[PDB]
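Read through the structure below, which is laid out as structure tokens, and then see the notes.
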Amino acid sequence: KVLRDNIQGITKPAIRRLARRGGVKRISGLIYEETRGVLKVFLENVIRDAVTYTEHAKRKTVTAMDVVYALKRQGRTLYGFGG
Amino acid sequence: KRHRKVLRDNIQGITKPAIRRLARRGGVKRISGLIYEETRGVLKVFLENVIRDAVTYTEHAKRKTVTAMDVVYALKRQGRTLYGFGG
Amino acid sequence: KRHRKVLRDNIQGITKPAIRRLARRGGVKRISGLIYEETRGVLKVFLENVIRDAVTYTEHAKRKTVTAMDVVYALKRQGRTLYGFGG
Amino acid sequence: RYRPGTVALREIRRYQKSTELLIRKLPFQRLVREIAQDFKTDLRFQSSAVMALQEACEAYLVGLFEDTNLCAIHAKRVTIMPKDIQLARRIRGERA
Amino acid sequence: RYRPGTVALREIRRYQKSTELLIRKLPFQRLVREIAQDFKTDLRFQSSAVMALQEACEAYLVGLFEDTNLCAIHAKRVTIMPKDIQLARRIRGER
Amino acid sequence: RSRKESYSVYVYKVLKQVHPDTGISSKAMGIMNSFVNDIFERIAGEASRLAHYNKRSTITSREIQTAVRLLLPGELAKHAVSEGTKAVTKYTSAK
Amino acid sequence: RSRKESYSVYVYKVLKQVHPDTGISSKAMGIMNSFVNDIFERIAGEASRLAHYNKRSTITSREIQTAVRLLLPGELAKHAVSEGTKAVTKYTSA
Amino acid sequence: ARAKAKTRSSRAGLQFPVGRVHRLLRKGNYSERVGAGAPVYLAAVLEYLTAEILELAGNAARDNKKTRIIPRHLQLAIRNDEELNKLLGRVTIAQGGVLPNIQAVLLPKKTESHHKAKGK
Amino acid sequence: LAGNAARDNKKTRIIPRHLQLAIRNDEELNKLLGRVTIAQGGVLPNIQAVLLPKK
DNA sequence: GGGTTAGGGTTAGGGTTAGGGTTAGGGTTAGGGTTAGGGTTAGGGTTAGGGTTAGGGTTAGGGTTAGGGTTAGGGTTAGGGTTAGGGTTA
DNA sequence: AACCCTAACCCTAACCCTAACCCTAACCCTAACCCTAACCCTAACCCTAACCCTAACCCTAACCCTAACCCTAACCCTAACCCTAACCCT
């Protein structure tokens with residue numbers, strides 16, 4: 001739990017090269033806030049799912065297996081970490 | 001003299017004024033020209049997929065009658081839990 | 001009613017005693033694993049882009065029977081003239 | 001001559017306030033029978049099955065038309081384009 | 001003097017031909033820890049878990065940006081708009 | 001006569017309890033019957049996987065209570081959890 | 001310490017059979033291990049529902065053969081079906 | 001030890017069957033051993049959901065002067081609540097219909113200025 | 001604003017009612033003329049939700 | 001679930017012309033990029049110390065199962081409380 | 001927000017096993033926790049080089065006009081195709 005200086009963790013030049021990987025050439029101005037809000041909502045959902053899972057297992061450590069299972073339940077079968 | 005099977009004019013079963021009131025239910029005011037063919041092709045592809053799924057299901061059950069339960073199960077497997085008919 | 005064999009020959013018949021017999025006339029001695037399958041497919045276009053020409057020719061004269069006089073004009077467009085059965 | 005712009009909304013409200021079928025039954029049954037004959041011959045159909053098929057097709061068509069209209073109205077255009085359907089299908093992930 | 005229009009494509013190709021991480025680790029860990037503290041206190045995090053979280057977030061952001069660019073380029077506009085993200089989220093069914 | 005299982009008496013009793021002088025229609029009964037069987041295989045199906053992921057095989061009251069917060073959203077999940085806790089308390093109080 | 005089940009020897013043997021002088025990497029082994037377990041619960045999971053829908057409880061060779069055409073697309077489904085039929089024929093022969 | 005008729009089972013107004021779920025879960029190939037408090041929780045959750053759906057559909061049915069629960073009423077009630085729509089987002093009710101809602105940005109003339117002149 | 005408010009009633013003439021409807025609608029114009037009571041303009045059709053026959 | 005014989009009336013399918021909706025051409029005047037410069041702030045080594053992670057006997061409170069009794073529960077059956085259309089009134 | 005005349009489907013009783021809910025004893029099998037020690041999360045810092053931040057000059061890009069003409073908007077006589085009972089079987 002830090003101050004409200006981590007929510008603004010997404011800069012502006014660093015997100016320019018991030019969108020360039022998909023094929024975006026020019027962005028805008030309010031994108032730095034809209035993308036941050038969408039990422040915050042999605043992360044709240046995934047964190048809530050992982051918390052419910054670790055509460056079912058009666059554990060206090062969010063492991064990679066629980067995150068993979070929550071992502072698969074949402075509809076994103078992530079590979080690599082876990083099993 | 002006494003035979004005949006099926007043809008292919010049934011593919012053009014979607015008219016033009018009848019599809020105008022169909023799109024008006026969702027909120028469409030004006031359509032176009034090639035929509036009558038694009039929508040027909042998309043409907044044909046989707047119906048081929050659903051019919052293939054129902055045929056595979058009725059072949060698993062070793063039946064020749066496509067019932068409503070098999071169609072509902074195939075739609076739920078695709079991602080459309082249809083209610084009303086079946087159980 | 002009608003016969004259940006409405007398949008109308010799903011490109012079959014020409015199998016082992018036919019493809020091998022046709023290849024033995026040219027000079028083919030042995031046949032590998034695949035060889036077939038596509039052998040019945042390469043002959044589908046030969047009847048797809050030839051019989052359509054005869055149908056289009058018979059449609060111009062307001063007829064409905066593809067006689068032997070129209071099958072020679074379709075093959076002459078591709079570049080394979082046949083003598084004898086045409087006339 | 002009066003300006004159009006009111007009969008369309010009236011027809012939209014009338015068709016939205018009613019739950020009647022728009023597509024016929026026998027043509028759809030013949031179409032699905034011809035489609036089923038392409039995979040395996042000697043196949044029959046029922047009434048509830050084709051009814052559920054017609055309902056699912058109507059729902060899918062309504063959703064696709066609504067998505068197309070919502071995509072076209074956001075580009076300062078009251079009408080839709082034939083490419084908008086392919087765009088919506090590519091976004092939704094139906095054809096990739 | 002090079003005219004603009006080539007450095008962007010060069011950077012795009014360079015970032016597409018490489019598989020390196022772009023977002024940091026400690027800020028993301030602090031962010032997810034602050035988010036987890038809103039539901040229940042006394043919670044910890046691992047390394048593979050936050051790595052998978054960062055990978056999933058990067059994939060989701062890449063997909064969202066690609067969808068936004070594909071929606072914006074079809075309206076005779078080379079740039080994207082803040083409403084295009086909400087439009088793509090409404091079409092995909094995320095809201 | 002192999003009769004089929006259907007939820008009709010309980011549905012009618014619930015409807016009469018929450019709304020007097022009311023009833024169900026023809027297709028509405030089949031719609032509710034297909035809706036009950038749909039969520040019946042969704043909530044109970046996740047409990048088996050949740051028990052298997054922890055090397056267990058006992059689906060008790062906590063396995064169903066935790067599955068509520070996963071399927072149900074927010075306010076409905078808390079209400080269902082409170083109702084289930086009150087029900088299990090009334091059950092454990094008197095048999 | 002209780003060992004963990006992983007598909008490594010069979011994967012390496014298959015890779016050596018289809019491509020000599022080749023091998024697997026570090027994360028590629030975990031990716032393939034997570035990919036095998038994903039389809040393992042998808043094909044076998046549909047067979048149970050297909051057997052329960054017909055008031056049965058026997059998952060034989062036909063229950064897995066029919067599930068191929070549902071999960072796999074077109075050409076891959078026919079190839080997998082042919083491979084499974086040839087395998088069950090070689091098994092029933094000797 | 002029969003004594004008198006001890007009425008229970010459907011206690012606390014729980015009209016849902018507290019037992020058929022346990023019978024359907026044992027033979028449903030879900031788990032090897034099933035507990036006793038799980039069927040009670042499942043029945044309570046199902047009954048609460050059904051009661052909420054019925055009480056939210058009846059109020060919409062009474063608005064159109066209809067004391068019957070038609071599929072149109074259920075479709076209008078499910079697509080109205082936020083949580084009910086988020087839970088049943090992919091479910092399509094047969095013979096339901098779309099919610100009556102128009103759309104803005106439809107007239108292109110808006111201002112309708114005088115392109116001609118006052119004097120002919 | 002008055003013309004835009006009057007064009008909705010199929011009347012191309014600005015009346016004091018249309019002026020009152022247009023003034024009491026914009027947020028920037030409401031804070032300026034908040035103490036101004038336009039004669040022959042009425043009020044705005046605003047009814048509380050508790051007064052309506054709900055459930 | 002198919003397949004028959006009336007029928008007939010709502011629905012589908014032939015002209016038509018006139019009004020506003022894309023499309024085509026010319027600056028336009030506001031709008032992103034970059035290369036020259038500098039002042040970082042994130043990319044790498046050395047630790048080391050506490051704050052967590054990770055296996056193992058041992059219960060007793062958490063469960064699982066073969067037997068009844070039985071309250072609650074499942075197909076039929078009326079006659080009445082508002083539900084659909086048709087002229088009126090609005 | 002005629003609500004009514006039409007009017008059958010939602011409508012309260014009732015009801016006969018009745019098939020599942022509960023009982024009643026046995027078991028039996030399913031979670032902490034206290035020793036513990038190992039390695040991974042985190043805590044201060046140095047450098048220095050690619051990485052990042054900030055003005056000037058200007059060449060394409062989006063938008064607002066102007067005329068312009070061809071497609072989709074709205075009857076009309078139909079009269080073919082879509083329903084609406086009623087049995088009848090295989």
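Counting begins at 1 with the first residue displayed.
Cβ atoms here come from the backbone N, Cα and C positions, even for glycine.
According to Swiss-Prot, the protein carries these features:
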CROSSLNK  G:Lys4  ubiquitin cross-link
CROSSLNK  G:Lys90  ubiquitin cross-link
CARBOHYD  G:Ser82  O-linked glycosylation site
MOD_RES   G:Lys4  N6-crotonyllysine
MOD_RES   G:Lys13  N6-(2-hydroxyisobutyryl)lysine
MOD_RES   G:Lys16  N6-methyllysine
MOD_RES   G:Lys55  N6-lactoyllysine
MOD_RES   G:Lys55  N6-(beta-hydroxybutyryl)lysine
MOD_RES   G:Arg56  omega-N-methylarginine
MOD_RES   G:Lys78  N6-lactoyllysine
MOD_RES   G:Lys78  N6-(2-hydroxyisobutyryl)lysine
MOD_RES   G:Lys78  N6-glutaryllysine
MOD_RES   G:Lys86  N6-(beta-hydroxybutyryl)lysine
MOD_RES   G:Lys90  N6-(2-hydroxyisobutyryl)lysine
MOD_RES   G:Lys90  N6-lactoyllysine
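For G:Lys55 (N6-lactoyllysine), the nearest of the recorded positions by C-alpha distance turns out to be G:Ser82; the candidates were G:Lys13, G:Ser82, G:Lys90. Highest local Cβ density among the recorded positions G:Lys4, G:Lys78, G:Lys86, G:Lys90 belongs to G:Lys78, counted as other Cβ atoms within 10 Å over all protein chains shown.
Cα separation, G:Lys86 (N6-(beta-hydroxybutyryl)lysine) to G:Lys78 (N6-lactoyllysine), rounded: 12 Å. Separation of the C-alpha atoms of G:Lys4 (ubiquitin cross-link) and G:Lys13 (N6-(2-hydroxyisobutyryl)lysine): 20 Å, rounded to the nearest whole number. Its Cβ taken as reference, G:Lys13 (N6-(2-hydroxyisobutyryl)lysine) is surrounded by 10 other Cβ atoms within 10 Å in the chains shown. There are 12 other CB atoms within 10 A of the CB of G:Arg56 (omega-N-methylarginine), with all protein chains counted. Rounded to a whole number, the distance between the Cα atoms of G:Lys90 (ubiquitin cross-link) and G:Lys78 (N6-lactoyllysine) is 18 Å.
When the modified residues G:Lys16, G:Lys55 are scored by other C-beta atoms within 10 Å, G:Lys16 scores highest. The DSSP secondary structure for G:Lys55 (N6-lactoyllysine) is coil. Across the structure, G:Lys16 (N6-methyllysine) and G:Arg56 (omega-N-methylarginine) place their CA atoms 41 angstrom apart. Under the DSSP three-state reduction, G:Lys4 (ubiquitin cross-link) is assigned to coil, being neither helix nor strand.
A gap of 21 Å separates the Cα atoms of G:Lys90 (ubiquitin cross-link) and G:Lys13 (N6-(2-hydroxyisobutyryl)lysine). Other Cβ atoms within 10 Å of the Cβ of the residue listed as 'O-linked glycosylation site' number 10 in total over all chains. Note: the CA-CA distance between G:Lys13 (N6-(2-hydroxyisobutyryl)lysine) and G:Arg56 (omega-N-methylarginine) rounds to 37 Å. Taking CA atoms as the reference points, G:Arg56 (omega-N-methylarginine) and the residue listed as 'O-linked glycosylation site' are 26 Å apart.
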